[PDB]
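Report on one structure; see the data block that follows.
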Amino acid sequence: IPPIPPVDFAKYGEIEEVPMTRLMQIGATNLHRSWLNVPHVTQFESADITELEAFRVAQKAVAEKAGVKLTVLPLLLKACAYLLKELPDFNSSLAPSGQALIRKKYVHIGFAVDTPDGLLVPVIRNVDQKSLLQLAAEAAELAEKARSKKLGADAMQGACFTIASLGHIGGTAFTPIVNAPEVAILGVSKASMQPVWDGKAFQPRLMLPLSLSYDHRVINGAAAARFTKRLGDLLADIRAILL
Amino acid sequence: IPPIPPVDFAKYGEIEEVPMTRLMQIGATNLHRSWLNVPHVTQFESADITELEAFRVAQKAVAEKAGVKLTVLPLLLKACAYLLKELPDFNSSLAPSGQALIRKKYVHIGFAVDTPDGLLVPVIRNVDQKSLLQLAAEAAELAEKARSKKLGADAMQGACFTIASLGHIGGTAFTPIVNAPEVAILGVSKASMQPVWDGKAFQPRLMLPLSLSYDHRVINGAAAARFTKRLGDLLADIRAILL
Amino acid sequence: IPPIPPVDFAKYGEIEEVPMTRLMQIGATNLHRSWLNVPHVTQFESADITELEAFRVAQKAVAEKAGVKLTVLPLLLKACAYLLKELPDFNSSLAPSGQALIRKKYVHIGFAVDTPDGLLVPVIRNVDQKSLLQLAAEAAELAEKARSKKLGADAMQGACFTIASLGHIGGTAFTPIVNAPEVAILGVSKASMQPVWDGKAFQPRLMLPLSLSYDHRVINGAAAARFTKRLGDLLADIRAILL
């Protein structure tokens, strides 16, 4: 692939060289390898989380009694695990022969933690089997170990899917890059009060922006549209996970 | 381009190998070839289809008398054909010498049909010359043949542009991949009632999300912004196609 | 990278060959080189410019007395220059060794001008040091020279960042391509009156759509979300640039 021509940046003013941590360099390589290997499409959707939010906030007592903080992330992890089982092509990878998908029968999900040294994506194993306060505890632990460089490379392996949440900082939507060999990554941005037509008038609903990027070789437009539609449906009423 | 390292997925749990149809493999190759060849940009726009929708629904009698279903797709195909003639760089392809555009003087448009075996994009020839009930009939036929594997490879050729509609499933917008050697593809998502400022107050208008991806080597930002603006203008009042 | 198969386009109808200006061909090459080199992510945000707009319009007298037109572009250039200093990783480039960032201590910003011959991106040097009417005058001059082929290649060099504004034509958002070796580009689309929840009811605020594409090897999701959040914050109240 043609390289970018070097420029003498100091011809234009003062420059300074800072170096990249080995973590950034690793990260840089993996993103570039994914970019050139995966033809990316991003499907955008918004989910009504007004009732989910009310639930979160009411269970503040129980979560503190348990010592966990219950954010949107365990609710997101539980719903994507239910969906990764319903729509199995999202829980799979392209076999190196280019002619088979390896469908995984397990659901481990990674989530992006941005640390000073670079991006880490710890993996919670068997998300489909853990409860909201279990995933809350564990997500929190893995993030603290990630920040404190105590995350062992074992916990960075064998994910089937990645959630990347930037809702705590800002933004309306973004187009994340698939962590190949996974086949999809869910970006989540900031929730806002939005007018939503109730058939007769506009009601304020709290809306969560979702950005699903996927590997278009494995997932086609209709399948990905159906995945963010079911996810918006499960987040609007998380009780559907019970049936 | 650096390959993705193989992972032993069975170290993490049970896996299963399903194979890809030849159609998926073909599709996989073509998308990857487009991805690496076309520097992609997506221009997003929303079009007011309140009046278009009213028209569609009122002509339900005539369409049933004709045996056709009149969806948004023939209305979309007629407007893009008028525009492909107004803005001819969208109806062209980059010559293999890298230094000429081949402007096509015909308008054939493909539309994406997602079938079990994979994606098919049948082509309606000379969309600029057919009427809304003619394109309605023909689109329906080609889709049935596509699903029923009776679509002959002849009808999959020589398109100038592609419409990919996922409005029947969901989503707010997506970033489609250009089917090279074409130079653009229109993605269409779900219509929603939206408040739109009338100069004095917010009126509910039915808004259609449009996502134009284009080949930035051939089309620059201003030209693509002008294309989705004219398309939003023609869909808001389809009578402008008459003049 | 696998080439696109040639098609005999004349099998389908009349075709015509128009040639590409040398400018388009140069442009075509540079975009393709960026595309294959930079793993791109776009972060979308909206900024409340109601008060900025009021200010613009009230200073119409002063700007005309000075002979300049004061558009949104000098306001945008001043805010990104303040931010390029606050968040220095956006004002830097990846060193050819792949293992260092060259942080620039100067702020020169380019802006996209679409001319008949192709795209030109003139550079205003030391944007951080010039005033709103100075940047207004200079932006206007450079654009006229760009259109009139009088722009000397000197003024097309050593930019740290690019603003690409299509707000004067249309669109809701787009995904621009990073001009490598820069690490980010801000796309700006059309402002619309939008309902924005004031804690109790929806107020019409004039909202500007921002689309920040970045080089994900150098900038991670949280940093880019923080950059468009600070930019939305500075545009909502440009007086924060004074402190």
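Labeling convention for the structure tokens: chains A, B, ... as they appear, residues from 1 per chain, ligands from 1 in order of appearance.
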Least-squares superposed chain A, target chain B, every Cα, as a compact mmCIF listing (two decimals) with C-alpha atoms, in the first residue's frame:
# COMPACT_ATOMS: atom_id res chain seq x y z
CA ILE A 1 -2.05 -6.40 3.36
CA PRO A 2 -1.23 -8.08 6.74
CA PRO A 3 -3.54 -11.07 7.51
CA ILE A 4 -5.43 -11.51 10.68
CA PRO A 5 -3.71 -14.07 12.98
CA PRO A 6 -5.72 -17.36 13.39
CA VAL A 7 -7.06 -18.00 16.87
CA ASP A 8 -7.95 -21.44 18.21
CA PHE A 9 -11.57 -20.53 19.06
CA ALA A 10 -12.24 -23.83 20.68
CA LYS A 11 -9.90 -22.91 23.58
CA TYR A 12 -12.71 -20.73 24.93
CA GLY A 13 -15.66 -23.05 24.49
CA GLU A 14 -17.65 -25.11 22.03
CA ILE A 15 -17.51 -23.99 18.42
CA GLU A 16 -19.25 -25.23 15.29
CA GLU A 17 -18.27 -24.72 11.60
CA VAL A 18 -20.95 -23.67 9.17
CA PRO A 19 -19.94 -23.05 5.54
CA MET A 20 -20.49 -20.11 3.31
CA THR A 21 -22.61 -20.38 0.16
CA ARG A 22 -20.70 -19.61 -3.02
CA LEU A 23 -22.89 -16.48 -3.23
CA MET A 24 -21.57 -15.23 0.17
CA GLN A 25 -18.02 -15.90 -0.89
CA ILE A 26 -18.46 -14.05 -4.14
CA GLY A 27 -20.08 -11.21 -2.21
CA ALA A 28 -17.30 -11.25 0.37
CA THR A 29 -14.69 -10.79 -2.36
CA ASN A 30 -16.41 -8.06 -4.20
CA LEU A 31 -16.94 -6.00 -0.99
CA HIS A 32 -13.39 -6.36 0.03
CA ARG A 33 -12.19 -5.34 -3.46
CA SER A 34 -14.44 -2.20 -3.31
CA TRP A 35 -13.36 -1.35 0.22
CA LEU A 36 -9.65 -1.33 -0.63
CA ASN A 37 -10.18 0.45 -3.94
CA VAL A 38 -12.68 3.21 -3.23
CA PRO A 39 -11.95 5.92 -0.55
CA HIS A 40 -15.46 6.10 0.88
CA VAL A 41 -17.35 9.04 2.31
CA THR A 42 -21.01 8.92 3.41
CA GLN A 43 -23.21 12.00 3.18
CA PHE A 44 -26.32 11.88 5.33
CA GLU A 45 -29.55 13.84 4.60
CA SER A 46 -33.30 13.58 5.58
CA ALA A 47 -36.10 14.10 3.18
CA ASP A 48 -39.61 15.17 4.00
CA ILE A 49 -41.82 12.49 2.54
CA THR A 50 -45.17 13.48 4.25
CA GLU A 51 -46.80 14.38 0.97
CA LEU A 52 -45.12 11.53 -0.96
CA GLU A 53 -46.54 9.15 1.64
CA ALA A 54 -50.01 10.57 1.31
CA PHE A 55 -49.73 10.15 -2.48
CA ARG A 56 -48.53 6.50 -2.17
CA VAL A 57 -51.38 5.57 0.09
CA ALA A 58 -54.04 7.37 -1.97
CA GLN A 59 -52.92 5.50 -5.13
CA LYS A 60 -53.41 2.15 -3.33
CA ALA A 61 -56.61 1.64 -5.46
CA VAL A 62 -54.86 2.17 -8.82
CA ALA A 63 -51.83 0.11 -7.85
CA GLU A 64 -54.07 -2.87 -6.79
CA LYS A 65 -56.12 -2.51 -10.01
CA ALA A 66 -52.78 -2.81 -11.82
CA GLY A 67 -51.73 -5.81 -9.61
CA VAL A 68 -48.57 -3.98 -8.37
CA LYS A 69 -47.75 -2.87 -4.85
CA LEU A 70 -46.54 0.74 -4.85
CA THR A 71 -43.89 1.09 -2.20
CA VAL A 72 -41.33 3.87 -1.73
CA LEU A 73 -38.84 2.06 -3.98
CA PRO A 74 -40.34 3.08 -7.46
CA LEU A 75 -40.67 6.65 -6.16
CA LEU A 76 -36.98 6.50 -5.10
CA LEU A 77 -35.89 4.95 -8.41
CA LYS A 78 -37.71 7.60 -10.47
CA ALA A 79 -36.18 10.49 -8.49
CA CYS A 80 -32.61 9.14 -8.57
CA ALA A 81 -32.96 8.54 -12.35
CA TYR A 82 -34.01 12.17 -12.87
CA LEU A 83 -31.05 13.24 -10.73
CA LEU A 84 -28.54 10.88 -12.37
CA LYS A 85 -29.32 12.82 -15.54
CA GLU A 86 -29.05 16.25 -13.89
CA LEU A 87 -25.73 15.54 -12.13
CA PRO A 88 -23.96 13.20 -14.65
CA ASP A 89 -20.78 12.57 -12.62
CA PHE A 90 -22.86 10.30 -10.42
CA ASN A 91 -23.82 8.31 -13.49
CA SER A 92 -20.21 7.53 -14.50
CA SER A 93 -17.21 5.31 -13.72
CA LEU A 94 -13.47 5.74 -13.44
CA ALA A 95 -11.83 4.57 -16.63
CA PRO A 96 -9.06 1.89 -15.97
CA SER A 97 -6.37 4.45 -16.99
CA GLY A 98 -7.17 6.34 -13.70
CA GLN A 99 -7.42 9.53 -15.81
CA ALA A 100 -10.86 9.61 -17.36
CA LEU A 101 -14.43 9.16 -16.30
CA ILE A 102 -16.70 7.16 -18.54
CA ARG A 103 -20.01 9.03 -18.46
CA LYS A 104 -22.85 6.71 -19.16
CA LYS A 105 -25.70 8.14 -21.25
CA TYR A 106 -28.19 5.48 -19.98
CA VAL A 107 -29.69 5.08 -16.47
CA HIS A 108 -29.92 1.48 -15.20
CA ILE A 109 -30.24 1.19 -11.37
CA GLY A 110 -29.73 -1.88 -9.15
CA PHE A 111 -31.44 -2.42 -5.81
CA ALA A 112 -30.28 -4.69 -3.04
CA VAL A 113 -32.36 -7.82 -2.28
CA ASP A 114 -31.19 -9.84 0.75
CA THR A 115 -31.95 -13.52 0.08
CA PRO A 116 -30.97 -16.68 2.22
CA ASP A 117 -28.14 -17.47 -0.03
CA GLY A 118 -26.73 -13.92 0.03
CA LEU A 119 -27.12 -10.45 -1.49
CA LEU A 120 -28.40 -10.04 -5.02
CA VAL A 121 -28.61 -6.65 -6.81
CA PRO A 122 -30.98 -6.98 -9.82
CA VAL A 123 -30.83 -4.11 -12.30
CA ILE A 124 -33.84 -2.29 -13.78
CA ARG A 125 -32.77 -0.94 -17.17
CA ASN A 126 -33.68 2.58 -18.35
CA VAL A 127 -35.37 3.63 -15.11
CA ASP A 128 -35.63 7.14 -16.60
CA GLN A 129 -38.13 5.85 -19.14
CA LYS A 130 -40.52 3.81 -17.05
CA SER A 131 -43.48 4.93 -15.00
CA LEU A 132 -44.13 4.44 -11.31
CA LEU A 133 -46.45 1.45 -11.84
CA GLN A 134 -44.04 -0.01 -14.46
CA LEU A 135 -41.07 0.20 -12.06
CA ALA A 136 -43.35 -1.17 -9.28
CA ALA A 137 -44.22 -4.25 -11.28
CA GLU A 138 -40.72 -4.92 -12.47
CA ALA A 139 -39.02 -4.35 -9.10
CA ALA A 140 -41.42 -6.91 -7.58
CA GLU A 141 -40.75 -9.45 -10.31
CA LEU A 142 -36.97 -9.14 -10.11
CA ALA A 143 -37.11 -9.53 -6.30
CA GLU A 144 -39.23 -12.72 -6.54
CA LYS A 145 -36.83 -14.16 -9.16
CA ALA A 146 -33.90 -13.17 -6.93
CA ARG A 147 -35.38 -15.04 -3.93
CA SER A 148 -36.30 -18.02 -5.98
CA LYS A 149 -32.81 -18.38 -7.59
CA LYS A 150 -34.32 -17.80 -10.99
CA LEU A 151 -32.50 -14.47 -11.55
CA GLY A 152 -30.34 -14.83 -14.69
CA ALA A 153 -26.83 -13.15 -14.46
CA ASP A 154 -27.88 -10.94 -17.36
CA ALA A 155 -30.21 -8.99 -15.02
CA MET A 156 -27.33 -8.44 -12.59
CA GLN A 157 -25.34 -6.33 -15.02
CA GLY A 158 -24.50 -2.88 -16.14
CA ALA A 159 -26.07 -0.84 -13.33
CA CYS A 160 -24.98 2.78 -12.92
CA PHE A 161 -26.08 3.25 -9.33
CA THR A 162 -27.50 1.10 -6.45
CA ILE A 163 -30.29 1.83 -3.95
CA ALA A 164 -30.10 -0.25 -0.73
CA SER A 165 -33.32 0.13 1.32
CA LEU A 166 -33.52 -1.14 4.90
CA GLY A 167 -36.41 1.07 5.89
CA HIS A 168 -38.63 -2.02 6.22
CA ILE A 169 -36.43 -3.36 9.07
CA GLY A 170 -35.13 -0.40 11.06
CA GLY A 171 -32.33 1.98 11.66
CA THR A 172 -31.59 5.56 11.58
CA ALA A 173 -28.85 5.59 8.92
CA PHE A 174 -25.95 3.43 7.85
CA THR A 175 -22.79 3.80 5.75
CA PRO A 176 -23.19 1.47 2.65
CA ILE A 177 -20.26 0.26 0.53
CA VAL A 178 -20.04 1.46 -3.08
CA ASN A 179 -20.38 -1.39 -5.62
CA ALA A 180 -17.33 -0.51 -7.71
CA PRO A 181 -17.13 0.28 -10.63
CA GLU A 182 -20.16 2.38 -9.77
CA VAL A 183 -19.36 5.58 -8.04
CA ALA A 184 -22.21 5.91 -5.46
CA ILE A 185 -24.95 3.86 -3.54
CA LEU A 186 -27.97 5.33 -1.70
CA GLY A 187 -28.84 3.72 1.59
CA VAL A 188 -32.42 4.39 2.84
CA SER A 189 -33.52 3.69 6.44
CA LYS A 190 -36.79 3.89 8.46
CA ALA A 191 -39.04 6.92 8.26
CA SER A 192 -40.08 8.55 11.56
CA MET A 193 -42.33 11.43 12.56
CA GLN A 194 -39.99 14.28 13.43
CA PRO A 195 -40.47 17.86 14.58
CA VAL A 196 -39.48 20.28 11.97
CA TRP A 197 -39.34 23.99 12.58
CA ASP A 198 -41.84 25.90 10.46
CA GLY A 199 -40.32 29.34 11.21
CA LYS A 200 -42.58 29.61 14.27
CA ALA A 201 -43.20 26.17 15.86
CA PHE A 202 -42.33 22.53 15.39
CA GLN A 203 -44.58 20.67 12.97
CA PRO A 204 -44.52 16.78 12.75
CA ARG A 205 -43.22 15.83 9.35
CA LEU A 206 -42.52 12.27 8.21
CA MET A 207 -38.78 12.18 7.52
CA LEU A 208 -36.87 9.58 5.42
CA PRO A 209 -33.13 9.08 6.38
CA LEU A 210 -30.84 8.93 3.28
CA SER A 211 -27.18 7.80 3.41
CA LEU A 212 -25.29 8.45 0.20
CA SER A 213 -21.85 6.74 0.16
CA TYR A 214 -19.61 7.83 -2.73
CA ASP A 215 -16.23 7.34 -4.33
CA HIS A 216 -14.38 10.43 -3.21
CA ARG A 217 -11.82 10.14 -6.11
CA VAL A 218 -14.60 10.95 -8.53
CA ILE A 219 -17.10 12.90 -6.33
CA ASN A 220 -16.10 15.69 -3.95
CA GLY A 221 -17.94 16.74 -0.78
CA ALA A 222 -19.89 19.66 -2.32
CA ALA A 223 -21.17 17.57 -5.24
CA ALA A 224 -22.46 14.82 -2.95
CA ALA A 225 -24.07 17.35 -0.55
CA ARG A 226 -25.83 18.88 -3.57
CA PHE A 227 -26.96 15.45 -4.73
CA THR A 228 -28.68 14.53 -1.38
CA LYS A 229 -30.08 18.09 -1.11
CA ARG A 230 -31.66 17.86 -4.63
CA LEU A 231 -32.92 14.34 -3.80
CA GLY A 232 -34.52 15.61 -0.56
CA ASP A 233 -36.06 18.42 -2.63
CA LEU A 234 -37.45 16.08 -5.28
CA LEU A 235 -38.90 13.67 -2.68
CA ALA A 236 -40.59 16.48 -0.78
CA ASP A 237 -42.36 17.40 -4.06
CA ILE A 238 -42.14 14.75 -6.75
CA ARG A 239 -44.01 17.00 -9.18
CA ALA A 240 -40.69 18.75 -9.82
CA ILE A 241 -39.80 15.70 -11.92
CA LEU A 242 -42.46 16.88 -14.36
CA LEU A 243 -40.79 20.06 -15.43
Inset, instruction - Please run DSSP on the backbone and report, as a ChimeraX atom specification, all residues within region 17-142 of chain A that come out as strand (DSSP E or B). - result: /A:17-19,40-48,92-94,100-104,109-111,113-115,118-120,123-124
Inset, instruction - Please run DSSP on the backbone and report, as a VMD selection string, all residues within region 3-222 of chain A that come out as helix (DSSP H, G or I). - result: chain A and resid 9 to 11 22 to 37 50 to 58 60 to 65 72 to 86 88 to 91 127 to 129 132 to 147 153 to 156 221 to 222
